[PDB]
Amino acid sequence: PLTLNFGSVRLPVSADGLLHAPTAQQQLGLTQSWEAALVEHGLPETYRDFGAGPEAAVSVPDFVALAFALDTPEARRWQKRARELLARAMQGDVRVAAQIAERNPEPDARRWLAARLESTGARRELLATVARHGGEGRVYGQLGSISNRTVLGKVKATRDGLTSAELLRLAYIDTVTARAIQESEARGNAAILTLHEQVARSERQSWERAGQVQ
Amino acid sequence: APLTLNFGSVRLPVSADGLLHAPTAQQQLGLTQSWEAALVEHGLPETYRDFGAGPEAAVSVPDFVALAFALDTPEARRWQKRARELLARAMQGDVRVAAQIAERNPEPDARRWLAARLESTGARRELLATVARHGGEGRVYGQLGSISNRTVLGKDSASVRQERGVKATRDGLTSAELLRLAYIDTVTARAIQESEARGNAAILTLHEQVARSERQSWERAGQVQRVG
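Residues numbered from 1 in each chain as written, not as in the entry; some residues may be left out. Chains lettered and ligands numbered in written order. Heavy atoms only, no water. Residues with missing side-chain atoms left out of burial classes, pairs and counts.

1. Details of the overall build of chain B
Helix and strand content of chain B: 11 helices and 5 strands. With the C-alpha coordinates of chain B rotated into their principal frame, the extents come out at 75 × 35 × 30 Å. Taking as baseline every contact in chain B between residues at least 6 positions apart, the subset at least 24 positions apart corresponds to 57%. (Helix = DSSP H or I, 4+ residues; strand = E, 2+ residues; numbered from the N terminus. Contact = heavy atoms within 4.5 Å.)

Here it is as structure tokens:
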């Protein structure tokens, strides 16, 4: 019996991420028959296991579509939540990020987030260090490209599609380049990129050597 | 000098205190009239910030959202849809959108606050599973820990705990040290898998090679001449 805990509301959810329709109805103030609501709002008729055998189910995007189609006070709260969520997401409210993270049924999802945040931490300190060491123009993108070539084997949005392992390798490479720039007192795009690419090739060759059948 | 608020494809010029450049906000909601006309019609605050090119009209994001839902333009409705898309993803616990929110916040103590509230990177956990799958048990799990503590911290786990005055080792570890340990844990896991290493002996020898390779990368970056 899995649930989506969205604030005080506890919406029971199927294995493939569909809400119990009856709980969704009382949660949108929908007193209409489900069969009549299905037809009016153009929703599929489907059933899932929540405990009490097979019961009507609605996807989360269809739930949100219903919230925005209706005018009941209940539907109007859900509309308000969406507007406040958009405001807070755009503002960078880490309270909301943590609430969303903690809503994911898979603990491995929050482990991915930890690796993702280590990567942004390292990238940020690398870009700041490069800025102070006379980095200009394209250097910030060029750094990203080198890091992504080496780990992927072939930048902020590409990292949303990397595994947690790939992200930790990126975080390491970036933190090491930052350390090497600080120590070298290397200056300018050419020297900085030569140094970053060096760190990047050294770590890849390291992985490849350790991965040989012995 | 110039700051931009990134939200999916949209790049909004933003002040240091998180207000939006009102002109860009206008075309983003298909607002045709002067900002001056807009201020009185919707009752918005007259605000100005330096976005990089001098004093220009500004609007907060909560006021921006309110406009997007008050207006009925094509542009306004694309933002209404971003809100519906975001509620759906928020309800399902999409850690990708949690990441994008966190990255919009420049306050570094916010990343720390959030990072804290989260779990590990699972790098330690996955190594232990891999070692077990390739045929290994005993104090081998304890030994893999001790091999990696030697290389990163310079001494034994207990030796680090007394010099730093900590009951548990991980309370005494820097952000840097934690990453270096997770990195070693990551690299060895895939090396064991690729090399097809089997047995305690073979898993421990490869782990030493990786941890020792790490220390040398770190030492080289810092131009450290370690005597050992």
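2. Quick look at the domain arrangement of chain B
Assigned domains of chain B: these are domain 1 (4–107) and domain 2 (123–221). Averaged C-alpha coordinates put domain 1 of chain B and domain 2 of chain B at centres separated by 46 Å. (Domains from an automatic or database assignment.)

3. Regarding unusual backbone geometry
Located in the positive-phi region is A:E185, a residue other than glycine, with phi close to 55 degrees. Mapped onto the fold, A:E185 is located in the loop between helix 8 (164–184) and helix 9 (189–210). Phi at B:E196 is positive, roughly 70 degrees, even though this residue is not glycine. Inspection of the secondary structure puts B:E196 in the loop between helix 10 (175–195) and helix 11 (200–221).

4. Description of the interface of chain A and chain B
Opposite the 71 residues of chain A that make contact, chain B presents 67 residues. At the level of elements, strand 1 (3–6), helix 3 (60–69), helix 4 (73–91), helix 5 (94–101), helix 6 (107–132), helix 8 and helix 9 of chain A are the ones that each hand at least two residues to the side of chain A that touches chain B. Along the lines of polarity and charge, the residues of the side of chain A that touches chain B split into 39 nonpolar, 13 polar and 19 charged. (Nonpolar A, V, L, I, M, F, W, Y, C, P; charged D, E, K, R; others polar.)

5. Observations concerning the sheet that holds strand 3 (residues 18–20) of chain A
Residues and elements named next belong to chain A. Taken together, the 3 strands give an open sheet; going across it, the order is 3-5-4, and neighbouring strands pair in antiparallel fashion. Every interior strand has two partners, whereas the edge strands, strand 3 and strand 4 (47–51), have only one. With strand direction ignored, the average angle separating the axes of adjacent strands in the sheet is 60 degrees. Pairing of strand 3 with strand 5 (residues 53–59) involves 3 bridges; the strand directions are antiparallel. (Pairing = 2+ DSSP bridges. Axes fitted to C-alpha atoms, helices over the stretch in contact; angles between N-to-C directions.)

6. A short note on the packing of helix 7 (residues 139–152) of chain A against helix 9 of chain A
Residue and element names in this part refer to chain A. The interhelical angle for the contact between helix 7 and helix 9, taken along N-to-C directions, is 10 degrees, at an axis separation of 9 Å. For the element pair helix 7 / helix 9, the angle class is roughly parallel. For the pair helix 7 and helix 9, contact is made by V139, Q142, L143, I146, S147, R149, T150 and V151 and by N189, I192, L193, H196, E197, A200, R204 and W207, respectively. Partitioning the contact of helix 7 with helix 9 into residue classes produces 8 nonpolar, 5 polar and 3 charged. (Parallel < 35°, antiparallel > 145°, perpendicular 65-115°, else oblique.)

7. With respect to the environment of B:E194
Relative to the assigned elements, B:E194 resides in helix 10. When near neighbours in sequence (up to four residues on either side) are disregarded, B:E194 contacts A:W207 and A:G211.

8. Focus on the pairing of strand 5 (residues 55–60) of chain B
Along a regular strand, successive side chains alternate from one face of the sheet to the other. Residues and elements named next belong to chain B. As judged from the 3 bridges shared by strand 3 (residues 19–21) and strand 5, these two strands associate in the antiparallel manner. When the bridges of strand 5 are listed, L19 appears paired with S60. For strand 4 (residues 47–50) and strand 5, the ladder comprises 4 bridges, and the chain directions are antiparallel. Looking at the pairing, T47 lines up with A58 of strand 5. In this structure, the hairpin formed by strand 4 and strand 5 is closed by a connection of 4 residues, where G52 is found at a positive phi of approximately 135 degrees.

9. Some thoughts on the sheet that holds strand 5 of chain B
All names here are of chain B. Strand order across the open sheet formed by 3 strands is 3-5-4, with antiparallel pairing between neighbours. Of all the strands in the sheet, just strand 3 and strand 4 have a single pairing partner and so form its edges. Ignoring strand direction, the axes of neighbouring strands in this sheet form an average angle of 60 degrees. On the sheet, helix 3 (residues 61–70) packs against strand 3 and strand 5 and is oriented at approximately 70 degrees with respect to strand 5.

10. Quick notes on helix 3 of chain A
Residue and element names in this part refer to chain A. Those residues of helix 3 that fall on the buried side of the exposure criterion are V60, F63, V64, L66 and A67. One side of helix 3 holds all its buried residues, which, seen down the axis, span an arc of 155 degrees. Between the side-chain oxygen at the start of helix 3 and the backbone nitrogen of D62 there is a gap of 3.3 Å, and the oxygen is on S59. (Buried < 20%, exposed > 50% of the residue type's maximum accessible area, 1.4 Å probe, protein only. Arc of directions from axis to C-beta. Polar contact = N/O pair within 3.5 Å; in protein donor to acceptor, adjacent residues only side chain to side chain.)

11. Here's the deal with helix 7 of chain A
Residues and elements named next belong to chain A. The end-to-end C-alpha separation of helix 7 is 20 Å, in line with the 20 Å expected for 14 residues at 1.5 Å each. Taken as a whole, helix 7 has its buried residues at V139, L143, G144, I146, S147, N148, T150 and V151. Next to the buried residues of helix 7 lie helix 6, helix 8 and helix 9. Following helix 7 by one or two positions, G153 adopts a phi angle in the positive range, close to 90 degrees. (Expected span 1.5 Å × (residues − 1).)

12. What to know about the pattern of salt bridges
Residue and element names in this part refer to chain B. All told, the structure shown has 21 salt bridges over all chains when counted by the stated rule. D185 serves as the salt-bridge partner of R124, at 3.5 Å between the closest nitrogen and oxygen. You can see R124 sitting in helix 7 (residues 123–133) and its partner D185 sitting in helix 10, a full 61 residues away along the chain. Overall, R124 belongs to the partly exposed group, its relative accessible area being 22%. With relative accessibility at 3%, the residue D185 sits in the buried group. (Salt bridge = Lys/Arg side-chain N within 4 Å of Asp/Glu carboxyl O.)

13. Quick look at the packing of aromatic side chains
Applying the stated criterion to the full structure yields 6 aromatic pairs over all chains. Here the aromatic rings of A:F68 and B:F69 are separated by 6.4 Å at their centres, their planes lie at 35 degrees, and the arrangement is tilted. Linking A:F68 in helix 3 with B:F69 in helix 3, this pair reaches from one chain into another. Given a relative accessible area of 22%, A:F68 falls into the partly exposed group. With relative accessibility at 15%, the residue B:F69 sits in the buried group. Centre to centre, the rings of B:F64 and B:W79 are 4.9 Å apart; their planes meet at 90 degrees, and the pair counts as edge-to-face. Remark: B:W79 occurs in helix 4 (residues 74–91) and B:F64 occurs in helix 3; sequence separation between them is 15 residues. Ring pairs connect the aromatic residues A:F6, A:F63 and A:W78, which therefore count as one cluster. Sitting over the face of the ring of A:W207, A:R169 holds its NZ or CZ atom 4.7 Å from the ring centroid. Sitting over the face of the ring of B:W79, B:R82 holds its NZ or CZ atom 4.6 Å from the ring centroid. (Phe/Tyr/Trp six-rings, centres within 6.5 Å; stacked < 30°, edge-to-face > 60°. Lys NZ or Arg CZ within 6 Å of the ring centre and 35° of its normal.)

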